[PDB]
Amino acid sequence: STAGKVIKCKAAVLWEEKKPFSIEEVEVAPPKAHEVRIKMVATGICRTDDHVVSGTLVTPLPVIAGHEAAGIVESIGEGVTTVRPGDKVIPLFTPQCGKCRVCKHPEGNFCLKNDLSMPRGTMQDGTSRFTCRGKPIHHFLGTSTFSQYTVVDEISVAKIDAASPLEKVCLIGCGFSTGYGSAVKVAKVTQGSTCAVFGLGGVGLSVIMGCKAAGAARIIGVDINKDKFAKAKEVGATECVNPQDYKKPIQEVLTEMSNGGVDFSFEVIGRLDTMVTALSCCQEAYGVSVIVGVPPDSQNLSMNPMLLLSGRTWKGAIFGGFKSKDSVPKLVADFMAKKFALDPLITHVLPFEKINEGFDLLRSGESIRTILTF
């Protein structure tokens, strides 16, 4: 009754930066070859989406944002083989073509078909399946799940379990997987180590879960909002410190607390200063610091290279280093096997119509993850 036809539905359009989302009707074109149309079930409010509003992350406007979601396939285009109509799926904001130099690498994950390095804000064929008021609406990261119906390329969606709580497992599309994978797959947190986590939101808490799951003896969470310490200690943080509660540079404090530096530090905020700070506080000869936060656009940090020369390892990662299409189904299947918990990340659950409310909440500090259930 809808396959092969234009679907008229509501979406959250962003016409310009630093303005709230306009909840209006959009025209969703039917899926083309190797494309998939998804009926959204639940979507998360990631800071990454807020970065598009604030101008921190630059992508073509106007746009339908969102990338943390899980829906059910409405219709598939010609040549789609990995998902069928009626399958539960998760949009992958990092694709997995399987044919490129990174996808074939056994330990690489930033597939080259991504729309992040140089945002084109379209499908793979370079066109927009979205229309609002007759104007075409750009895509976001190949997902654009801030809509009741979206279209993704087959490389940007994975099939998850048919018996999946779609209102929880949507966090596996981004927030949880990024933080958990950064700790387990990127940093490679060892048993008994000391970990520092800068930022205690959805991704930062997920990092903490990964470190505790990896057996970290100490997990020091850092945030300038102490209202976040409670949740952090719930999921594994052994101590929480507030840089504003220190007279000297936070890194010096953590060097003391760790008796010479932490084994693994994580920047999970998106500031240049914290990125260098988080690298500074890990052990100068065998420490590892992982950047997870998104920096401001086109904008450099200044850092003493002699901080690496002593033996430090500094690395970043997209989506926790997880190969998206291989891993997102494995994580959904692990979550239901009670391998880890997603519920500690969900603080608010709202109607999609109240999407500017869940965003106002993230900018005031009151939320970790606001799920939007369609």
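One-based numbering along the sequence shown.
Look at the mean CA B-factor for 305-313 and for 48-56 in the entry; the higher one is 48-56.
Higher average CA B factor: 129-137, of the stretches 129-137 and 274-282.
The maximum CA B-factor among the listed residues 186, 162, 292, 220, taken from the PDB record, is found at 162. Sort the modelled residues of the chain by CA B factor and residue 32 lands in the lowest third.
For residue 71, the recorded CA B-factor ranks within the middle third of the chain. Only modelled residues enter the ranking. For residue 107, the recorded CA temperature factor ranks within the highest third of the chain's modelled residues.
Ranked by Cα temperature factor within the chain, residue 169 sits in the highest third according to the deposited record.
For residue 198, the recorded CA temperature factor ranks within the lowest third of the chain's modelled residues.
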